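Laid out below as structure tokens are two forms of one and the same protein chain, each shown alone and named structure 1 and structure 2.
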Structure 1
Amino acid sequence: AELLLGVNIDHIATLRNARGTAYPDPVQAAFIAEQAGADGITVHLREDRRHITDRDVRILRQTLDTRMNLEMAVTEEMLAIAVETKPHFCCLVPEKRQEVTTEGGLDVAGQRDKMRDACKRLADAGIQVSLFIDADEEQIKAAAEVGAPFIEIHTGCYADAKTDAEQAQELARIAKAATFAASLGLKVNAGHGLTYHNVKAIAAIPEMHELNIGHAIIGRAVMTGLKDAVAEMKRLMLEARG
């Protein structure tokens, strides 16, 4: 069916938090996005609450007209929050307290029991889990074995390719990994580093269910405003599939 767009509004809070003011408010960015092409909203509640905060999640949970996709690290604090919050989607990601952003898929194959616990735990609460991982068969077989219904392939390496050949190489690895994951019964998403200029190649991949894009959109938004930024990204996505 229709490829979907998950808009990550973390960086609205990044701008807010830089100053300690109330604006810009993620809650406003969520309404705009949801009416301009976003099929869902994503927020990464970082342990260090760098950008998205507890009030953000709490108020958003009440105001989203679509659904929340809560991104989080695998810890007891977070699992308890997710269970209490009951987001529709949950994407487990690797975290370091002071990293710039995310860059290593989640190491599922290496923490199989931790993840297995997380997946069972969140599902019991009625949350659909997605594991943020690398276009790596080892990590994918592990996500499947562990029970997760969704995986989201890290498109970072593709987005940072330094040459056209290097980019084609990564693209191919993502497409193969997508087909591979699907053959194991997993639904697959993608995201991170996706921009207005490299999104179509990823959107074209058939197995892709939803693309989670954040930074590039907010980066376009300061110039053109969120509404147009979201609608334009969505248009590019639908074009890639037609």
Structure 2
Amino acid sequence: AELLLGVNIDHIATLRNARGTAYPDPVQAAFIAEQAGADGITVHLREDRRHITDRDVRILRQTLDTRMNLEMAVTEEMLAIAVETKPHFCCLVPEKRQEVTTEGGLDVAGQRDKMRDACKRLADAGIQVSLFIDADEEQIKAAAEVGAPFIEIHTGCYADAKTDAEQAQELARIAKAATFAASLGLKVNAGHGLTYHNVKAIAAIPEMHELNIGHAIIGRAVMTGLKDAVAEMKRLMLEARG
């Protein structure tokens, strides 16, 4: 169907934890976002509980009207936490140095045994898994082989691009990777680092299922208010596919 928007509210919690009070509350932000264009809410539960906390996840699981995408590292703690939470989606990301690739995505091709079992365990709990990876054919083929139904292409390099040519090259790499990914039966997401000024070229990629976006929305929100920030992003995304 239409391109979906997942809104990552981690930075609502970073603002909160900066002072130790209860506000602003990620629970409030999730309602605002889900009623302004978000089709899902993403929260990354970190080992260091730097922003989102166990309390946020527990309450969010009961208050979200749409569905949760739990971003987490592939460790025994997170896996168990994920199985008991039962979020609709789970997005596996690199936590430490021996988890990420030279560009930032998960190293799936080099850890097939771990990834295969993670995917299987989460799947058994009824969670749809997405593997956050670089737009790299080796990782994509590996994602498919280990059984993950989704992959989320890391759009950071595209976003960080320091020149037009560098950006177009990265865009083309993402587009070609998404096409290759779909040919393997994978569903493909993206979103990390996307902004109001570079999101359309990514949203225009036909194979994209959902763009998971956080920072730029929250950064617009402090000026503009979360409702308009989410709605503007969703509007740009639909225009792009138009």
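Shifts are known only where both forms have a C-alpha. We call the rigid core whatever largest set of C-alpha positions still superposes within 1.5 Å between the two forms. Numbers follow structure 1, counted from its first residue as 1.
Notebook entry, point to check: Which listed residue (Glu77, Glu145, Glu137, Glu103) has a Cα shift of at least 2 Å between structures 1 and 2, rigid core superposed?
Noted result: After core superposition, the one over threshold is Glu103.
Next item on the list: Look at the Cα of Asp228 between structures 1 and 2 with the rigid core superposed and state its shift in Å.
Entry: Its C-alpha shift, to one decimal, is 0.1 Å.
Notebook entry, point to check: Where the rigid core has been superposed, how far does the Cα of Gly191 end up moving between structures 1 and 2, given in Å?
Noted result: Between its two positions, the C-alpha of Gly191 lies 1.5 Å apart after core fitting.
Notebook entry, point to check: Which consecutive stretches of at least 3 residues differ between structures 1 and 2 by 2 Å or more at every CA, rigid core held fixed, listed in sequence order?
Noted result: After superposing the rigid core, the only shifted stretch between structures 1 and 2 is 96-103.
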